[PDB]
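# Close look at the chain arrangement
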Amino acid sequence: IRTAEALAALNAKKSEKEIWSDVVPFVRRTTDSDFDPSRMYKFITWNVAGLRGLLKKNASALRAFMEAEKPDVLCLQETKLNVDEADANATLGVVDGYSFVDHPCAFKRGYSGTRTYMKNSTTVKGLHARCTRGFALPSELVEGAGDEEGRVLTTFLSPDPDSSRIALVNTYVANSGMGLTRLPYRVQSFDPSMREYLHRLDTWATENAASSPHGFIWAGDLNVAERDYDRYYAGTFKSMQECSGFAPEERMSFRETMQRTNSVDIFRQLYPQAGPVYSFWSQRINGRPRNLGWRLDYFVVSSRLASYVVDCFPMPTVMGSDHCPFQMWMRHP
């Protein structure tokens, strides 16, 4: 089933001591008062693990959060909305000053699903934002039915269409499943399709228009913990690499994507050795209170946009999901 390279990395031992050696506690480089709304964009991403479930436990979850944070675009994943319920969907989680586009999973009910909010002032109008679903570029407001699992929702942003282009891809990457059962799917179908799309987006933003305020931001729950310290240590390193998200092929494929598309895990560019910082905590254990979890949520940015990023940090006090949101600020002229 598994290549020689993968097998080698699976057998090699690493103690907690020897991977958490160079790791330093996470201290956020900014305070909220550094945020300048006139020269910065705020993006956040959040796996809600059931949008209805979340809003049923607290009707104001999205109202209070948007109010407190005023993000320019908010990317949600695991909405678990059903595809035939357009009207029920379009009236669920509505918030003043915001438009949202839905991309619910068709191939399975109450599963997966993806949604993006755009602030009417800054994003809908100021950035002339248009969306697509699936692995599509725009026509020449939403477009196409997209991928059947609801995993990919893209928002295209420019201060002038037809200057600065950004493609923000809201992504809920396919989990390799409990037995690493769907690992061949993740590695052979999904990841390669994601790689191709990101390249094409980067060429949309770049070779078309033009270090430079052009490229893509790949945001969401990428279902991979890429640093050895991107998840708590338990058992053996071998046994750790048996969990979906930490399998050898998952990690190498993600690294490969960042490499092949010329992009960076922006959090690890700002805090290359920080830990423990997680965005996910398994409810199967009592994970959250004991802070043993995973960093599964990301902003991966085109290299040439890296320098514009002011900060990128988790928001672990925001409850309601087994994921916390992750926030990012980007400078613009």
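Along every chain, residues receive numbers from 1 upward following the written sequence, which is not necessarily the numbering found in the entry; those without coordinates are excluded from display. Only hydrogens and water are set aside; all other atoms, that is, all heavy atoms of the structure, feed into the side-chain values.

The name that the PDB entry assigns to the protein is AP-ENDONUCLEASE, with the source organism given as Leishmania major. UniProt positions are given in the numbering used here, feature names are shortened, and annotations may be inferred rather than shown by experiment. Within the UniProt record for the protein, the comment given under Sequence similarities (unreviewed entry) is "Belongs to the DNA repair enzymes AP/ExoA family."

Working definition: the strands of a sheet are paired by backbone hydrogen bonds and lie parallel or antiparallel to each other. Following DSSP output, two strands are said to pair if at least two bridges run between them. Per the convention used, a helix needs a DSSP run of H or I reaching at least four residues, while a strand needs a run of E reaching at least two, with both numbered from the N terminus. Spatially, the six strands line up as an open sheet ordered 5-6-7-8-10-9, and their pairing is mixed. In the strand order of this sheet, the two ends are held by strand 5 (130-133) and strand 9 (263-265), each with one partner. Each adjacent strand pair in this sheet contributes to an overall mean axis angle of 20°, direction not counted. By the bridge criterion, four bridges tie strand 5 to strand 6 (residues 152-157) in an arrangement that is antiparallel. Paired with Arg130 across the two strands is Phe156, which belongs to strand 6. Note on definitions: angles span 0 to 180 degrees between N-to-C directions of axes, and those axes are lines fitted to C-alpha atoms, for helices only across the stretch in contact.

Further remarks concern the pattern of salt bridges. Salt bridge criterion: a side-chain nitrogen from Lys or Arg within 4 Å of a carboxyl oxygen from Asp or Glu. Evaluation of the coordinates by the stated rule reveals 24 salt bridges. The closest approach of N and O atoms between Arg186 and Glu250, which form a salt bridge, is 3.5 Å. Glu250 carries the same exposure label as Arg186, and that label is buried. Across the pair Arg227 and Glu226 runs a salt bridge, and its minimum N-O distance is 2.7 Å. Only protein chains enter the accessibility calculation, which uses a 1.4 Å probe. A residue is then buried if its area is under 20% of the maximum for its type, exposed if over 50%, and partly exposed in between. Given the relative accessible area of 22%, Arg227 is considered partly exposed. If you follow the salt bridges from partner to partner, you end up with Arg52, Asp84, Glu85 and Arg109 in one network.

Paired rings are identified among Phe, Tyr and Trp, the last through its six-membered ring, by centres lying within 6.5 Å, and are further divided according to the angle between planes into stacked (under 30 degrees), edge-to-face (over 60) and tilted (the rest). With the rule as written, the count across this model stands at 18 aromatic pairs. Taking 5.7 Å as the distance between ring centres and 85° as the angle between the ring planes, the aromatic pair formed by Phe135 and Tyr197 counts as edge-to-face. Taking the relative accessible area as the measure of exposure, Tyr197 reaches 0% and is therefore buried. Their ring planes at 85° and their centres at 5.0 Å tell us that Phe156 and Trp204 sit as a pair that is edge-to-face. By relative accessible area, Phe156 is classed as buried at 2%.

For the rest of this paragraph, the subject is the UniProt feature "active site" (unreviewed entry) in the protein. Sequence positions flagged by UniProt for "active site" (unreviewed entry) are, in local numbering, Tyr172, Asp221 and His323. Inspection of the secondary structure assignment puts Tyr172 in strand 7 (residues 166-172). Taking the relative accessible area as the measure of exposure, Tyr172 reaches 6% and is therefore buried. Ignoring sequence-local partners within four residues, the contact set of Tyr172 consists of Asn47, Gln77, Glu78, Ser112, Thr114, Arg151, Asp221 and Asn223. Side-chain polar atoms of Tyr172 contact the side chain of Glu78, separated by 3.3 Å. Tracing the sequence through the fold places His323 in the loop between strand 11 (309-314) and strand 12 (326-331). Contacts are residue-level and defined by heavy atoms, with any inter-residue pair within 4.5 Å sufficient. In contact with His323, other than residues within four places in its own chain, are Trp46, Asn47, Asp221, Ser279, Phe280, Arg288, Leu296 and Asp297. Pairing of N or O atoms within 3.5 Å defines a polar contact, subject to two protein rules: one partner must be a possible hydrogen donor and the other a possible acceptor, and residues neighboring in sequence count only if both atoms are side-chain atoms.

Turning to the UniProt feature "binding site: Mg(2+)" (unreviewed entry) in the protein, a few remarks are in order. UniProt annotation of "binding site: Mg(2+)" (unreviewed entry) refers to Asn47, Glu78, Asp221, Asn223, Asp322 and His323 when read in the numbering used here. Relative to the elements of secondary structure, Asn47 occurs in strand 1 (residues 40-47). Sequence-distant contacts of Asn47, that is, excluding residues within four places in its chain, are made with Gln77, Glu78, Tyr172, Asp221, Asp297, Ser321 and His323. On the basis of relative accessible area, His323 is assigned to the buried category, the value being 3%.

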